[PDB]
Structure formats: C-alpha cells, structure tokens
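Participant: Here you go, upload_2.txt (compact mmCIF, C-alpha atoms and all ligand atoms):
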```
# COMPACT_ATOMS: atom_id res chain seq x y z
CA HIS A 8 0.00 0.00 0.00
CA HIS A 9 0.96 3.73 -0.40
CA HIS A 10 -1.05 5.12 2.64
CA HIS A 11 2.08 5.74 4.84
CA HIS A 12 2.16 9.57 4.09
CA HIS A 13 -1.27 9.93 5.93
CA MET A 14 0.48 8.81 9.17
CA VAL A 15 -0.97 10.45 12.32
CA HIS A 16 0.52 10.42 15.87
CA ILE A 17 -2.02 8.58 18.05
CA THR A 18 -1.97 8.76 21.87
CA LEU A 19 -4.18 6.80 24.32
CA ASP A 20 -6.85 8.57 26.44
CA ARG A 21 -6.37 7.34 30.11
CA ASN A 22 -9.87 8.51 31.04
CA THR A 23 -11.55 6.01 28.65
CA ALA A 24 -9.47 3.04 29.80
CA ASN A 25 -10.87 0.05 31.67
CA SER A 26 -9.69 0.38 35.30
CA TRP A 27 -7.27 -2.63 35.02
CA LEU A 28 -5.24 -1.11 32.11
CA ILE A 29 -1.79 0.43 32.50
CA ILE A 30 -1.01 3.14 29.92
CA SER A 31 2.67 4.19 29.60
CA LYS A 32 3.93 7.73 30.41
CA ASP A 33 4.24 8.56 26.68
CA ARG A 34 0.57 7.35 26.17
CA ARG A 35 1.78 5.09 23.34
CA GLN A 36 1.56 1.63 25.05
CA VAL A 37 -1.16 -0.20 27.00
CA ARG A 38 -1.23 -3.54 28.82
CA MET A 39 -3.50 -5.53 31.12
CA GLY A 40 -2.62 -5.16 34.81
CA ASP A 41 -3.08 -8.11 37.24
CA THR A 42 -5.48 -5.93 39.44
CA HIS A 43 -7.56 -2.69 39.55
CA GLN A 44 -5.13 0.20 38.88
CA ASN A 45 -6.51 2.48 41.67
CA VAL A 46 -8.31 5.00 39.40
CA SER A 47 -11.74 6.59 40.12
CA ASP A 48 -14.71 5.40 37.97
CA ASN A 49 -16.23 7.71 35.30
CA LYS A 50 -18.84 7.39 32.57
CA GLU A 51 -16.19 7.21 29.79
CA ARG A 52 -14.45 3.96 31.03
CA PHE A 53 -15.14 0.69 29.28
CA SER A 54 -16.41 -1.44 32.23
CA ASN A 55 -16.66 -5.01 30.93
CA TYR A 56 -13.61 -5.46 28.60
CA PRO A 57 -9.92 -4.35 28.55
CA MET A 58 -10.62 -1.49 26.06
CA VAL A 59 -9.27 2.05 25.63
CA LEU A 60 -9.71 4.83 22.98
CA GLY A 61 -7.20 7.12 21.27
CA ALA A 62 -7.44 10.80 22.26
CA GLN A 63 -7.67 11.91 18.60
CA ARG A 64 -11.12 12.48 16.97
CA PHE A 65 -11.47 12.32 13.18
CA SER A 66 -14.41 13.77 11.20
CA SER A 67 -12.75 14.17 7.71
CA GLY A 68 -9.66 13.20 5.70
CA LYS A 69 -7.37 10.23 5.41
CA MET A 70 -5.53 8.83 8.48
CA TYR A 71 -3.02 5.97 8.93
CA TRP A 72 -1.34 4.44 12.02
CA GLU A 73 0.40 1.22 13.06
CA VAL A 74 0.07 -1.00 16.12
CA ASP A 75 2.51 -3.64 17.45
CA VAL A 76 0.76 -6.91 18.55
CA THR A 77 3.93 -9.05 19.06
CA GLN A 78 3.37 -12.24 21.11
CA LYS A 79 -0.30 -11.55 21.95
CA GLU A 80 -2.91 -14.32 21.84
CA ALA A 81 -6.02 -12.06 21.72
CA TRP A 82 -6.77 -8.39 20.87
CA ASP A 83 -9.17 -6.14 18.93
CA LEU A 84 -8.06 -3.14 16.80
CA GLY A 85 -9.73 -0.53 14.61
CA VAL A 86 -11.95 2.55 15.03
CA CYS A 87 -15.17 3.38 16.63
CA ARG A 88 -17.70 6.17 16.95
CA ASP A 89 -17.05 8.60 19.74
CA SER A 90 -20.52 7.73 21.15
CA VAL A 91 -20.19 3.90 21.44
CA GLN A 92 -21.62 2.26 24.56
CA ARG A 93 -19.04 2.04 27.42
CA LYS A 94 -20.96 0.01 30.10
CA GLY A 95 -22.18 -3.57 30.04
CA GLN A 96 -21.95 -6.22 27.34
CA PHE A 97 -22.12 -5.42 23.59
CA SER A 98 -21.32 -6.80 20.11
CA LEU A 99 -18.26 -5.45 18.20
CA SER A 100 -20.00 -4.55 14.86
CA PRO A 101 -20.74 -1.60 12.53
CA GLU A 102 -24.37 -1.55 13.85
CA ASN A 103 -22.89 -0.71 17.31
CA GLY A 104 -20.39 1.82 15.90
CA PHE A 105 -17.21 -0.36 15.56
CA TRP A 106 -14.98 -1.15 12.54
CA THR A 107 -12.50 -3.71 13.90
CA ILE A 108 -10.54 -6.94 13.36
CA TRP A 109 -9.35 -9.34 16.05
CA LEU A 110 -7.24 -12.33 16.96
CA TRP A 111 -8.89 -14.99 19.14
CA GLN A 112 -8.06 -18.74 19.60
CA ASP A 113 -5.51 -18.88 16.81
CA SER A 114 -7.80 -17.29 14.10
CA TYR A 115 -8.24 -13.75 12.77
CA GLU A 116 -11.76 -12.35 12.10
CA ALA A 117 -13.31 -9.05 10.98
CA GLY A 118 -15.98 -7.60 13.29
CA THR A 119 -18.89 -7.74 10.84
CA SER A 120 -22.23 -9.18 12.05
CA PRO A 121 -21.86 -12.08 11.87
CA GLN A 122 -18.02 -12.06 11.93
CA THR A 123 -15.96 -12.80 8.81
CA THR A 124 -13.03 -15.23 8.61
CA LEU A 125 -9.73 -13.59 7.61
CA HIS A 126 -7.05 -15.39 5.48
CA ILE A 127 -3.59 -14.59 6.96
CA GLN A 128 -0.59 -16.83 5.96
CA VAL A 129 2.04 -14.75 7.91
CA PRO A 130 0.83 -13.96 11.47
CA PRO A 131 1.25 -10.22 11.86
CA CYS A 132 3.51 -8.59 14.46
CA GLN A 133 2.39 -5.06 13.35
CA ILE A 134 -1.01 -4.00 11.88
CA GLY A 135 -1.57 -0.87 9.71
CA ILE A 136 -4.98 0.87 9.95
CA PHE A 137 -6.18 3.26 7.23
CA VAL A 138 -9.35 5.40 7.48
CA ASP A 139 -10.78 7.41 4.56
CA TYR A 140 -13.60 9.35 6.21
CA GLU A 141 -15.16 10.78 3.02
CA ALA A 142 -15.01 7.48 1.11
CA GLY A 143 -16.43 5.47 4.08
CA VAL A 144 -13.47 3.02 4.17
CA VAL A 145 -11.52 1.31 6.97
CA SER A 146 -8.66 -0.97 5.81
CA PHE A 147 -6.19 -3.19 7.67
CA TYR A 148 -2.69 -4.13 6.45
CA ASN A 149 -0.16 -6.85 7.51
CA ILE A 150 3.08 -4.87 8.02
CA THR A 151 5.05 -8.15 8.73
CA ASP A 152 4.02 -9.39 5.20
CA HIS A 153 5.14 -6.31 3.14
CA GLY A 154 1.86 -4.42 3.79
CA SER A 155 -0.50 -7.03 2.31
CA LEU A 156 -4.27 -6.31 2.67
CA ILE A 157 -6.05 -8.06 5.56
CA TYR A 158 -9.57 -6.56 5.27
CA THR A 159 -11.54 -3.57 3.90
CA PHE A 160 -14.80 -2.31 5.38
CA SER A 161 -16.46 -0.25 2.61
CA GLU A 162 -19.82 1.59 2.49
CA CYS A 163 -19.14 2.54 6.14
CA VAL A 164 -21.78 4.74 7.79
CA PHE A 165 -19.60 6.32 10.51
CA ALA A 166 -22.45 8.69 11.65
CA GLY A 167 -20.18 10.63 14.03
CA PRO A 168 -16.60 11.48 14.86
CA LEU A 169 -14.23 8.45 14.94
CA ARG A 170 -11.70 7.47 17.59
CA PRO A 171 -8.88 4.90 17.41
CA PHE A 172 -10.05 1.72 19.26
CA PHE A 173 -7.98 -0.88 21.19
CA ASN A 174 -8.65 -4.03 23.24
CA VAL A 175 -5.60 -5.71 24.85
CA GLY A 176 -7.71 -8.81 25.64
CA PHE A 177 -8.04 -10.77 28.87
CA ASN A 178 -5.10 -12.77 30.21
CA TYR A 179 -6.85 -15.88 31.64
CA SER A 180 -4.18 -18.09 29.94
CA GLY A 181 -1.06 -16.31 31.29
CA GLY A 182 0.06 -16.07 27.62
CA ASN A 183 -1.54 -12.69 26.70
CA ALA A 184 0.23 -10.19 29.03
CA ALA A 185 2.16 -8.42 26.24
CA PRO A 186 1.19 -4.79 25.43
CA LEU A 187 -0.32 -3.10 22.38
CA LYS A 188 2.17 -0.43 21.25
CA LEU A 189 1.67 2.47 18.82
CA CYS A 190 4.66 2.22 16.39
CA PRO A 191 6.75 5.29 15.51
CA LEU A 192 6.19 7.14 12.20
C1 LIG A 201 -15.77 -14.96 19.35
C2 LIG A 201 -16.08 -13.63 20.02
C3 LIG A 201 -17.47 -13.65 20.63
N1 LIG A 201 -15.03 -13.23 20.99
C4 LIG A 201 -14.90 -14.12 22.12
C5 LIG A 201 -14.23 -12.13 20.81
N2 LIG A 201 -14.60 -11.23 19.86
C6 LIG A 201 -13.84 -10.15 19.65
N3 LIG A 201 -12.72 -9.79 20.27
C7 LIG A 201 -12.35 -10.67 21.22
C8 LIG A 201 -13.06 -11.85 21.57
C9 LIG A 201 -12.26 -12.42 22.59
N4 LIG A 201 -11.21 -11.68 22.89
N5 LIG A 201 -11.25 -10.60 22.03
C10 LIG A 201 -10.21 -9.58 22.12
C1 LIG A 202 -16.96 -7.04 23.09
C2 LIG A 202 -16.71 -8.54 23.00
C3 LIG A 202 -16.84 -9.03 21.57
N1 LIG A 202 -15.43 -8.98 23.59
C4 LIG A 202 -14.30 -8.08 23.36
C5 LIG A 202 -15.27 -10.16 24.24
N2 LIG A 202 -14.05 -10.41 24.77
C6 LIG A 202 -13.84 -11.57 25.40
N3 LIG A 202 -14.69 -12.59 25.57
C7 LIG A 202 -15.89 -12.35 25.02
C8 LIG A 202 -16.27 -11.17 24.35
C9 LIG A 202 -17.61 -11.42 23.98
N4 LIG A 202 -18.03 -12.61 24.39
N5 LIG A 202 -16.97 -13.18 25.04
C10 LIG A 202 -17.08 -14.52 25.62
```
Before anything else, please render the file you have as structure tokens.
Ligand SMILES: CC(C)N(C)c1ncnc2c1cnn2C
Ligand SMILES: CC(C)N(C)c1ncnc2c1cnn2C

Facilitator:
Amino acid sequence: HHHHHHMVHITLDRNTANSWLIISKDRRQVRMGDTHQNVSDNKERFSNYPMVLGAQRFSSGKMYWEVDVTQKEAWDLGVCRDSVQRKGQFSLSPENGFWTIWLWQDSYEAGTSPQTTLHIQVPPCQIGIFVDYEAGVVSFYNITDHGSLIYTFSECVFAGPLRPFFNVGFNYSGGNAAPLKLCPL
C-alpha cells in the first residue's frame, strides 16, 4: 500500500481506559494489569472489557497508524464512533459503531455481524490501519508481510466522529500479558 504519508501520531486517552489497564507515560503503550489500577470510575471507562480509545477524533480526511501486537494471543483493533456504549456487554459490529478486526483462539476475524473469517498466511507482528472518512473506508494491512491487505470495510456509515479503538484482551491463559504499542512514524 501507499497510505504511509497519511500517518498520524495517536496517543491513548487514560480517562476512557478500563480500570485494570496500565497506559505508559508517553501514552503510546497499554497492557492488562493483574489488578484494579486504583483510578476513580467515570462514565467514559469501558467497564466489561480491557478497552481504551485514542485521544484523537477524526471527522474528515485520510488517516493511517500502526500497532505492534507481538506475542499476543487475543486483541481487537480498529476505530469506533465517539458515542459507542461504554458500560455492560455489547457486540463489536458496525451496527454498534465499531470497525474492527481481532485475533482470538488462533484465528483472525473481521468484526462484521456475523463475523468474517480472515485469510492470513504470515501472522502479523504489526497491523496498519487506514481510514478514509469521506469514502467510508476502513482498511487493515499486515506490516510483517510487506503491507498485504487483511480486510476492507467499505460503504461505512460512521455517523459521528471516529476514535482509534484498542482491546488488549483478557489474560486468563497467562500467555496474553504483552502490550499493544503504537509504532513510531
Ligand atoms: C468470538 C467472540 C465472541 N469473541 C470471544 C471475541 N470477539 C472479539 N474480540 C475478542 C473476543 C475475545 N477476545 N477478544 C479480544
Ligand atoms: C466485546 C466482545 C466481543 N469482547 C471483546 C469479548 N471479549 C472476550 N470474551 C468475550 C467477548 C464477547 N463474548 N466473550 C465470551
């Protein structure tokens, strides 16, 4: 792909984070803590899952960023509406304001409803995410495999400002402690 020149500097918004997440000083990394991280509750925090938003809001233009997923067993990545539900249980789909892919139980899927199987020969260590607001497109790229296309959501109906979306996943197995990291431009 040739989307690299739309690179944007994403930082994580602490206030949206589930209370067990640990966000680094530079706001560029996030991991699952082994306990509540001693923060006060607020209406922005994702309560039920290990999720956090980027601070940046996008309402026009073309945007690109990269995320490191090295050695993780489970995670979700993409974008979401600024007004997605924070509390309780919910489906990760465009109907609920999410445009995402994930890894779970050794397979990759796109968060359509129902979910779509992805075809990945080279497990990615870094994922590229491209958003074209005007076109209604969200695309995902395998940086480990020379930028090959993973998935394109087209005909997107964003219906609001978009925020970068992250889920570090649970660590029930003891094999999913590694962080998500925003990769340098
Ligand atoms: C098969 C569906 C319902 N599950 C379990 C999931 N869907 C999307 N992201 C997920 C999971 C599990 N972990 N993460 C990060
Ligand atoms: C929001 C949902 C899709 N997420 C991230 C989930 N994560 C982990 N386990 C899950 C789910 C859903 N069901 N189950 C059993």

Participant: Once you count all atoms listed in the file, which residues end up within 6 Å of ligand LIG 202 (chain A), and could you hand them over as a list in words?

Facilitator: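 Here is the list of contacting residues: residues 56, 97, 98 and 99 of chain A.
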
Participant: Please determine, counting only C-alpha atoms, which residue among A:11, A:94, A:188, A:170 has the shortest atom-to-atom distance to residue 54 of chain A.

Facilitator: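 Smallest distance to residue 54 of chain A is found for A:94.
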
Participant: Can you tell me which residues sit at most 6 Å away from ligand LIG 201 (chain A), counting all atoms listed in the file, written as a ChimeraX atom specification?

Facilitator: /A:81-83,109,111,174,176

Participant: Measuring between all atoms listed in the file, which one of A:67, A:134, A:139, A:52 shows the shortest distance to residue 156 of chain A?

Facilitator: A:134

Participant: Report, in Å to a single decimal, how far apart atom CA of residue 76 of chain A and atom CA of residue 113 of chain A are.

Facilitator: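 Between these atoms lies a distance of 13.6 Å.
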
Participant: Using all atoms listed in the file, collect all residues at a distance of at most 12 Å from (-17.6, -14.6, 11.6) as written in the file, then present them as a short mmCIF file (atom, residue, chain, number, x, y, z; two decimals) with C-alpha atoms, keeping the file's coordinate frame.

Facilitator:
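What follows is the written file out-v6.cif:
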```cif
data_model
loop_
_atom_site.label_atom_id
_atom_site.label_comp_id
_atom_site.auth_asym_id
_atom_site.auth_seq_id
_atom_site.Cartn_x
_atom_site.Cartn_y
_atom_site.Cartn_z
CA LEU A 99 -18.26 -5.45 18.20
CA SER A 100 -20.00 -4.55 14.86
CA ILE A 108 -10.54 -6.94 13.36
CA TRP A 109 -9.35 -9.34 16.05
CA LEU A 110 -7.24 -12.33 16.96
CA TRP A 111 -8.89 -14.99 19.14
CA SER A 114 -7.80 -17.29 14.10
CA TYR A 115 -8.24 -13.75 12.77
CA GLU A 116 -11.76 -12.35 12.10
CA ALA A 117 -13.31 -9.05 10.98
CA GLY A 118 -15.98 -7.60 13.29
CA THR A 119 -18.89 -7.74 10.84
CA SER A 120 -22.23 -9.18 12.05
CA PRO A 121 -21.86 -12.08 11.87
CA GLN A 122 -18.02 -12.06 11.93
CA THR A 123 -15.96 -12.80 8.81
CA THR A 124 -13.03 -15.23 8.61
CA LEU A 125 -9.73 -13.59 7.61
#
```

Participant: Is there a way to get, as a PyMOL selection string, all residues within 8 Å of the point (5.9, 5.6, 15.8) in file coordinates, counting all atoms listed in the file?

Facilitator: chain A and resi 16+73+189-192

Participant: Please, what distance in Å, to one decimal, runs between atom CA of residue 154 of chain A and atom CA of residue 127 of chain A?

Facilitator: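 So the answer is 12.0 Å.
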
Participant: Can you work out which one of A:62, A:84, A:187, A:142 has the shortest atom-to-atom distance to residue 172 of chain A, counting only C-alpha atoms?

Facilitator: A:84

Participant: So that I can check the surroundings of residue 181 of chain A, please list as a PDB file with C-alpha atoms, in the coordinates of the input every protein, DNA and RNA residue that reaches within 12 Å of it, counting only C-alpha atoms and ignoring chain neighbours fewer than 6 positions away.

Facilitator:
```
ATOM      1  CA  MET A  39      -3.500  -5.530  31.120  1.00  0.00           C
ATOM      2  CA  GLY A  40      -2.620  -5.160  34.810  1.00  0.00           C
ATOM      3  CA  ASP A  41      -3.080  -8.110  37.240  1.00  0.00           C
ATOM      4  CA  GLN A  78       3.370 -12.240  21.110  1.00  0.00           C
ATOM      5  CA  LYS A  79      -0.300 -11.550  21.950  1.00  0.00           C
ATOM      6  CA  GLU A  80      -2.910 -14.320  21.840  1.00  0.00           C
ATOM      7  CA  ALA A  81      -6.020 -12.060  21.720  1.00  0.00           C
TER       8      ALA A  81
END
```

Participant: As a list in words, please: the residues near residue 66 of chain A (cut-off 10 Å, all atoms listed in the file, same-chain neighbours under 6 positions excluded).

Facilitator: residues 139, 140, 141, 165, 166, 167, 168, 169 and 170 of chain A

Participant: Please dump the current selection as an mmCIF file, in the frame of the given file; keep C-alpha atoms.

Facilitator:
```cif
data_model
loop_
_atom_site.group_PDB
_atom_site.id
_atom_site.type_symbol
_atom_site.label_atom_id
_atom_site.label_comp_id
_atom_site.auth_asym_id
_atom_site.auth_seq_id
_atom_site.Cartn_x
_atom_site.Cartn_y
_atom_site.Cartn_z
ATOM 1 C CA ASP A 139 -10.780 7.410 4.560
ATOM 2 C CA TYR A 140 -13.600 9.350 6.210
ATOM 3 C CA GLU A 141 -15.160 10.780 3.020
ATOM 4 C CA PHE A 165 -19.600 6.320 10.510
ATOM 5 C CA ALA A 166 -22.450 8.690 11.650
ATOM 6 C CA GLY A 167 -20.180 10.630 14.030
ATOM 7 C CA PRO A 168 -16.600 11.480 14.860
ATOM 8 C CA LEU A 169 -14.230 8.450 14.940
ATOM 9 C CA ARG A 170 -11.700 7.470 17.590
#
```

Participant: Using all atoms listed in the file, which residue out of A:55, A:60, A:8, A:72 lies closest to residue 23 of chain A?

Facilitator: A:60

Participant: Which residue is closest to residue 64 of chain A? Choose from A:104, A:89, A:158, A:30 and count only C-alpha atoms.

Facilitator: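 Smallest distance to residue 64 of chain A is found for A:89.
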